[PDB]
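**Q** Kindly return the folded structure for what I paste below:
(chains A, B, C and D, ligands or ions: 6)
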Amino acid sequence: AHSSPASXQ
Amino acid sequence: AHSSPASXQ
Amino acid sequence: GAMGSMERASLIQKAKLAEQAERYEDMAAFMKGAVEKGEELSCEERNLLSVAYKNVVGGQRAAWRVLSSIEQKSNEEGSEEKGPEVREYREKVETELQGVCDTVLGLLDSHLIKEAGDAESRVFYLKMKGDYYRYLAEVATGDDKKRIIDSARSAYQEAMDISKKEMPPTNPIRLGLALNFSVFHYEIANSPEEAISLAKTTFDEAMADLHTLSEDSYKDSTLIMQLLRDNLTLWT
Amino acid sequence: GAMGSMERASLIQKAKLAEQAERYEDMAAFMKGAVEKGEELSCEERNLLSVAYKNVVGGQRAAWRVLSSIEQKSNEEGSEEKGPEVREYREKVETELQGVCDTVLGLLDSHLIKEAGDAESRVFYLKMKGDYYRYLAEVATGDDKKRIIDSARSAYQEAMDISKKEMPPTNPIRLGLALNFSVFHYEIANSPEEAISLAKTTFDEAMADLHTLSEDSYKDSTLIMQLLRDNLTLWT
Ligand SMILES: [Cl-]
Ligand SMILES: [Cl-]
Ligand SMILES: [Mg+2]
Ligand SMILES: [Mg+2]
Ligand code: NA
Ligand code: NA
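**A** Residues are numbered from 1 along each chain as shown, chains lettered A, B, ... in the order given. Ligands and ions are numbered 1, 2, ... in the order given. Find the structure here:
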């Protein structure tokens, strides 16, 4: 599964 | 430029 | 600490150089030094911290999976005995990965989380805490597997509670948190239905709020939404 | 040495695991430990040694080029002053790269080359010696640039002399040596005509010997020949 990119808002 | 691969004969 | 003599601003500058050079171990060391100056991090600096350690642990996780697969094949019926080396080397990589996770968790505990009051910082850090416990859970097998899983769950849950109260449903931090907690449910906690439900509700509530966003914010949010969609496609 | 307590065969086994896991720093440490056992290396083991260190220095060279480019832009007219950090960090990466090159050169000098009597081992090691001096030359700027260049040239030349006497013109070691010495001429020694002449003569003499080869050997040789062709296309 895909998880979030590190850089985020 | 291209150089040799590491693994070689 | 080896970075104790370097200015905070110089550490941040060099972390950005290290990122450009794809020198993520250096990047992580610079950002650890910056955190250890004791000041809070800005949004950009939090992103740098996360990029650095996510790339370091990412290489370790990928290596660990390769080695674990070889090890499991060596333990099948008919596999020739090759000695302790596969286990030893998997253990070496595992111990280094656990060390990186413990380092990140230590920075979060001393003292990033306790100083983080705004939702955008506090949710980001609590999500990171869940993430690095999740990475520990991926390799855990002994008497502390259950406690590592519950530590990940607890951090994600606190982050979720804050994000639902304080951020719009399109906020990329809220989205990335929900995405990662859903991965936790599916891959760690043996809860695929919870994973699917969370991904779907998160996607749908974000969809309904896109109309409020600028073009650039719409792009940021839809990027994470697509990851939720990709997971739902894999899982259903 | 940290690998002094590990069996030679275990170091080789773990180097192969590290390769599969893309853990090239580990791979290089294992192979250094294997070399330091004091026995000669087999063909496969020489290839492992080279793969490991070529990948380590490859990442350093790529990072160095990124940082050097940023540094050169910072020194153009109109560029805002940003302090010593770009130079410092380029120097850090440069020093680590030089350390890796010195480590490889040290293994070759103590005592791989002096024990290597067959053409396939001796040419391989002398080519490596030329290569790692060439990598040192890529970053050299001071009073020792000329001596580093001449050390690379000398090692390549000894390797060339042996390879022309003892190996067929299609031998992949001979081909990879000629390819790399031609890159040296073009990129290090300010001798593009020599580079082009060497690449062309090497290609043509190999072409004429392909008829003697099995299908598998033909594939091995033509792979390196294509790199000579690619360089000639870039340079002409
Ligand atoms: Cl090991
Ligand atoms: Cl530095
Ligand atoms: Mg058997
Ligand atoms: Mg100006
Ligand atoms: Na073994
Ligand atoms: Na500066």
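**Q** what packs against the strand or helix carrying residue C:232?
**A** In this structure, residue C:232 sits in helix C:215-235 according to DSSP states H and E. The helices and strands touching helix C:215-235, judged by 3 or more Cβ pairs under 8 Å, 6 or more residues apart in numbering or on different chains; DSSP states H and E, are helix C:172-183, helix C:192-207. Every C-beta, even on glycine, is put in place using the N, C-alpha and C of the backbone.
**Q** so who does the closest residue to ligand 1 within chain A touch?
**A** Using Cβ to the ion, residue A:3 is the residue of chain A that sits closest to ligand 1, at 28.3 Å. Listed by Cβ atoms under 8 Å, 6 or more residues apart in numbering or on different chains, the contact partners of residue A:3 are C:131, C:179, C:180, C:183, C:227.
**Q** Please identify the deepest-packed of the helices and strands packed on helix C:215-235.
**A** helix C:172-183 (a mean of 26; mean count of other Cβ atoms under 10 Å in any protein chain shown).
**Q** burial measure for residue C:165, as a count.
**A** 8 (other Cβ atoms under 10 Å in any protein chain shown).
**Q** what angle sits between the helix or strand containing it and helix C:192-207?
**A** In this structure, residue C:165 is located in helix C:145-166 according to DSSP H and E. Orientation check (axes from the mean of the first three to the mean of the last three Cα atoms, to 10 degrees): helix C:145-166 against helix C:192-207 gives 20 degrees.
**Q** Please see if helix C:145-166 touches chain A.
**A** No - against chain A, helix C:145-166 shows no contacts by Cβ under 8 Å from any Cβ of the partner chain, the least distance being 10.4 Å.
**Q** could you check the angle helix C:172-183 makes with that helix?
**A** 150 degrees.
**Q** ok, and does stretch C:85-103 reach over to chain A?
**A** No - using Cβ under 8 Å from any Cβ, stretch C:85-103 stays clear of chain A, with a minimum separation of 13.9 Å.
**Q** from the chain's centre, how far out does that stretch sit?
**A** Mean-position distance between stretch C:85-103 and its chain equals 17 Å (Cα atoms, centre = their mean, to the nearest Å).
**Q** in which helix or strand would I find the nearest residue to residue C:21 once chain neighbours are set aside?
**A** Nearest residue to residue C:21, sequence neighbours excluded (Cβ to Cβ, 6 or more residues apart in numbering or on different chains): residue D:63, at 3.8 Å. Under the criterion of DSSP H and E, residue D:63 resides in helix D:43-74.
**Q** circling back to that earlier point, how about the helix holding residue C:165: buried residues?
**A** C:148, C:149, C:151, C:152, C:153, C:155, C:156, C:158, C:159, C:160, C:162, C:163 (16 or more other Cβ atoms under 10 Å in any protein chain shown).
**Q** Repeat that for stretch C:32-46.
**A** Buried residues in stretch C:32-46 (16+ other Cβ under 10 Å): C:32, C:33, C:34, C:35, C:41, C:45, C:46.
**Q** wait, does that stretch contact chain A?
**A** Yes - contact of stretch C:32-46 with chain A (Cβ under 8 Å from any Cβ) involves C:43, C:46.
**Q** Touching that stretch from outside, list them.
**A** A:8-9, C:1-4, C:6, C:8, C:11-12, C:15, C:31, C:49, C:103, C:107, C:111-112, C:115-116, C:120-121, C:124-125.
**Q** please redo it, this time with the cut-off set to 6 Å
**A** Residues from elsewhere that reach stretch C:32-46, judged by Cβ atoms under 6 Å, 6 or more residues apart in numbering or on different chains: C:1, C:3, C:8, C:11, C:12, C:107, C:115, C:124.
**Q** Equivalent analysis for stretch C:224-232, please.
**A** A:1, A:2, C:172, C:175, C:176, C:179, C:199, C:202, C:203, C:206.
**Q** The same query, at a cut-off of 10 Å, please.
**A** A:1-5, A:8, C:170-180, C:182-183, C:186, C:195-196, C:198-204, C:206-207, C:210, C:218, C:222 (Cβ atoms under 10 Å, 6 or more residues apart in numbering or on different chains).
**Q** So which bits of chain C are right by ligand 5?
**A** C:82, C:83, C:85 (Cβ under 5 Å from the ion).
**Q** With respect to ligand 1, which of the residues you listed is nearest?
**A** Checking these against ligand 1 with Cβ to the ion, the nearest one is residue C:85 at 7.2 Å.
**Q** Pretty sure residue D:8 is one of the things that closest one touches, is it not?
**A** No - with contacts counted by Cβ atoms under 10 Å, residue C:85 stays clear of residue D:8, the gap being 12.0 Å.
**Q** between the two, who's got more neighbours?
**A** When residue C:85 and residue D:8 are compared for neighbours, residue C:85 comes out ahead with 19 against 16, by other Cβ under 10 Å.
**Q** for that one, what are its contacts?
**A** Shown in contact with residue C:85 (Cβ under 10 Å, 6+ apart): C:74, D:6, D:7, D:9, D:10, D:11, D:12, D:13, D:14, D:16, D:17.
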